[PDB]
Each structure stands twice: as C-alpha cells, then as structure tokens.
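Only one chain comes next, encoded as structure tokens, the form deposited in one PDB entry.
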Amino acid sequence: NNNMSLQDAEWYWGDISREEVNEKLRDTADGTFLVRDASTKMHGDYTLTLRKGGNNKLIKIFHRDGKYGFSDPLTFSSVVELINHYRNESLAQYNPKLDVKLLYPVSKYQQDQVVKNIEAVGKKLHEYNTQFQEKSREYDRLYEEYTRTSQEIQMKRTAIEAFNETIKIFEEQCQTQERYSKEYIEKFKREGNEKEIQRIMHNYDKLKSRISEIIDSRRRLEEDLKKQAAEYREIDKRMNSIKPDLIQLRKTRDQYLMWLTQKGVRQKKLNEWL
C-alpha cells in the first residue's frame, strides 16, 4: 500500500459514539477493530476500539508533544504508523494479558460500494418506509394476538385442572360410598322396600349422569385447549418467520437514511409534508 490519508482510511470513522460501535462490533470475530474520535472532544486525541475476548475494548491514543503513541514514551508521528505496526505485529510484548492482532478492520467502503435519480431513490425509500410500517403494524397486532392467546391457554389450563380435581373428588366419593354401602344393603334387601331401592337407583343414575356431563365438559375443554395450542404454535412460527425479514428491512432503511444524511440533502423537512 502507501501512506494513504486518515480521512479516507478504512478503519477510521467520523462522529461516532458508543451505540453504533456496539452495533457494528456485535458478534464479530476476534481482532475486529476501528478507530474513532474520543467523546471528550479533545482536539486530535482519537480512541481505538477492538473486540477481543468476546467484549469490546477501548484503547486510548495519546497526542503529547505533537506525537502519537499508546503510552509514554511516544514513538509514532502518525496514527497510521502504529496502526500498521500493530496490524503486522502482535501485542504480546506490550501486555502479557492481551494477545491479539488487528486482523479485520471495520470499513464503511463495503456498504458504500454495495449501495447503488434523486426522485427515484426518494420514492423507493418512501415505499420502503410504507412497507416497514405496515409490516410493523402486522407484527404488533399479531404479537398482541399471541399474548392474548397465551392468556386463554392459561385460562383453560386452570379450567382443566379444576375439572380434573372435580373428577377425582367425585370418583373418591363414589369409591367411599361403595365401600361404606355394601355392609348395609343386606338388611335393605331382607326387609325389601321397593321405594328406597328405587330412590337409590334414581340417585345413582342422577349422579352418574352428572359425572358423564362433567366428563364431556372436560373432554371438550381439553379439545379446545389443544386446538388453541396448535393455533398458538402457528402464531409463534409466523413470528419467527417474519422477524428476520423485518430486521433486514430495518437495516436497509437505516443504511439508506444514513446515505441520504451523508449526501447532505435534508429530507426530514420535505418528506413529512407529503
């Protein structure tokens, strides 16, 4: 290469704060780095950030006596000199704990060259905005539906538990009455009164009819529960299907907005008029 300037350097960045550094340096490979101006706004200070060990670091560059360097003594007259020096040499001798090279620099040139008439791009961005807003409205409505459906799943879950408890208490009552009624039917059949025997068949028939009714209720409620669970699973699948294209359109819209901003045309005061 050559001694190409700092302004057009790939790793250098302009008015950049922490949140966008974290946005670009998110889940990237080890050694990924960039250089931006310090938030202290001291003239010609600059800070180096790199993702080593799974977390973003913040190297400070000193500008004492018009010279650059990581610490006393300063041995580089330009930032590019030590940037290339530490790109071509590991940091093992400098710091025993830190052992990494400046492998992959973060460069905006890729996004500058993959983007590709002002009215045409303006209406394209407007259509992108409309699609984004309708997709987000669909996302919000169906997320509300998903949460609500989970609420009804919980409600019929409690209903199923209550029905199950009623079934167990009724079967326990039936077992207890069968166990404590077999030792008194002998006298009843010896005396032979048709009225009270008819009454016991009538009462047992009514009780068994009620048991059948509540069993039918439990079965239909559990059928409703499983079909609503299937609908809930389908809604979740739709969520997982429509999340990634939504976030991709979000990134595309942000890229277009940042390109328009760096172009210098103020679209915020004209697009809103419509």
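Shifts are known only where both forms have a C-alpha. Throughout, rigid core stands for the largest set of C-alpha atoms superposing within 1.5 Å between the two forms. Note that residue numbering follows the sequence shown and begins at 1.
Beyond what is shown, the protein has a form deposited in another entry; the following relates to that form.
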| item | value |
| --- | --- |
| Rigid core fit then residue 266 CA moved by 2 Å or more between the shown form and the other one | yes |
| Core-aligned CA displacement of residue 124 at least 2 Å between the shown form and the other one | yes |
| Cα-Cα shift for residue 105 and residue 264, closer or farther in that other deposited form, minimum 3 Å | farther |
| Segments of at least three residues whose Cα atoms shift by 2 Å or more between the shown form and the other one, after superposing on the rigid core | 1-4, 117-124, 183-187, 261-274 |
